[PDB]
C-alpha cells in the first residue's frame, strides 16, 4: 500500500498510488493551515517551467536525453491539467515556496519513472532534485512559474474586463436619451443623462484595463538562472538563454531574462504593482455597485431609477422582495481584494537581503484577487448588467419637479435672484417655472428655451 522515500532529514511512507514524495508529505505536516490547494494555473505554469528546464538541460548536454524525454512527457501531462490532485501542499507555507517547487519536482519525477517502467520513489534513476530541479533553485523556478501564472490569469481578467466595459458602453448607448437628476452630496443638482453616468462607468473601467494591462510589463522579466541568490554562480549562460526562449514560447508570453538577476531575485515590486492596479479597479467597481444599489432602491420608498434582473428570492418573509445581489457580491469582492492587497503589501515589505520568504502568502493572495475579480466580473456582466432597465417615467418626473433646473437662469438673471426663487419653491412646494412667470423674472417663451432639461446636459449658457 505504501513505498518509502528519504531526504537528508529521514524517511517517510508515501501511498503507493501517490506521485508526490517525501518533501511534499513533510510540507503537509509542517503547514496544515488553510486546507486550500494552489491554483491550477500555477500548477500548469510549474509544469511549463520543468518542461522548459528539461529541454534546456538536454540541449546543453547536462541532462541524459533518456530520462529527460520522460521528464518532458510527465511535465506535459501536468501542463494539460492531468495531475492537479497530486499538488497537495498549502498555499500558505514556510520555506519560501520550496514545498511548492518540490511538489512539482516529485510528481513529475515519479510520473516520468512510471512512464519508463520504473518504480515510483526510485530517485537513483530520476531524482526530483538532481534531474527535475537541475540548473534550478526554488528561488528561480517558483517565482518564474508565478510570473507565468499571473500573466496568464491577468490576460484572462483583461479580456473579461474588456467585455464588461463594452457592455457598460452598450448600456450607456441604450440610456443616452434617458434624462434624470444628477446628485452631489446626495442633494438634487442639475439634469444629467443616465447614459452619461453609464459612460462614466465605462470610462473608469477602460482606465482600469489600461492600468492592469500595463502591470504585465514588469512581470515579463524572469530570473531563471539566478541559482540560490541571484548571482547565477555556476549557471550556464547558454542554459539561461535557451530556457528563457522555451518559457516564452510554451507560455505564450514575451518573457525576457532579467538584466540583473540579483535585483530580480530579491525585489517583489512587480507583484505589488499588480495588486495595486487590481485594488484601484475594485475601488471603482465598488463605487459603481454602490450607485447601482441606490438606483435600484425601492420599490416605493426608494429612488427606483433602475430595475436589475431578479436573480434569487430576496426574503422568505417580505413577500416578493428582490435584492441587488449582483452589485452586492461585487462590493464584497472589492472588500476582499482590498484586504488581499494589504496582505501583499505586508509580505512584500518583509523581504530580507537576497530573498523575500513571504512570497507564498503574497502569491496566494495575488492569484486569488485576479481569479475572484474575473469570476465576479463575468457573473455580474451576464446576470445583471446586460439586463438592467431604466424607470424612465420616474426619472423624468424628478427632472420635471426639480428646483435645480433653475441653475440655468443664473447667467441671465443672476445667482442672487435664482436663489430667492429656489428657496421660495422649496418652501412652498411650487414649480420653479411657475414662480419665474408669476414674478416676471422671465417670459414663458424665454424659459421654454432656457429650462429645456436636455439642453443643460452639454456645456453652454442656456439661450
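Numbering follows the first chain given and starts at 1.
Q: Do the C-alpha atoms of 114-122 or of 245-253 have the higher average B factor in the entry?
A: Result of the comparison: 114-122.
Q: Given the B-factors recorded for C-alpha atoms, which segment has the greater mean, 51-59 or 429-437?
A: In the deposited entry, the stretch with the higher C-alpha B-factor mean is 429-437.
Q: Could you check 42, 33, 27, 67 and tell me which one carries the biggest Cα B-factor in the deposited entry?
A: Highest C-alpha B-factor among the listed residues goes to 67.
Q: Highest recorded C-alpha temperature factor, please, choosing from 312, 138, 381, 265.
A: Going by the entry's C-alpha B-factors, 312 comes out highest.
Q: By its CA B factor, does residue 272 count among the lowest, middle or highest third of the modelled residues in the chain?
A: According to the entry, residue 272 has a C-alpha B-factor in the chain's lowest third.
Q: Please rank the C-alpha B-factors of the chain's modelled residues and tell me whether residue 393 sits in the lowest, middle or highest third.
A: For residue 393, whose C-alpha B-factor we compare with every modelled residue in the chain, the answer is the highest third.
Q: Ranked by Cα temperature factor within the chain, is residue 260 in the lowest third, the middle third or the highest third?
A: As the PDB entry reports it, the C-alpha B-factor of residue 260 lands in the middle third of its chain.
Q: Lowest, middle or highest third: where is residue 316 by C-alpha B factor in its chain?
A: Highest third - that is where residue 316 ends up once the chain's C-alpha B-factors are sorted.
Q: Using the B-factor values recorded in the entry, state whether the Cα atom of residue 323 falls in the lowest, middle or highest third among the modelled residues of its chain.
A: CA B-factor rank for residue 323: middle third.
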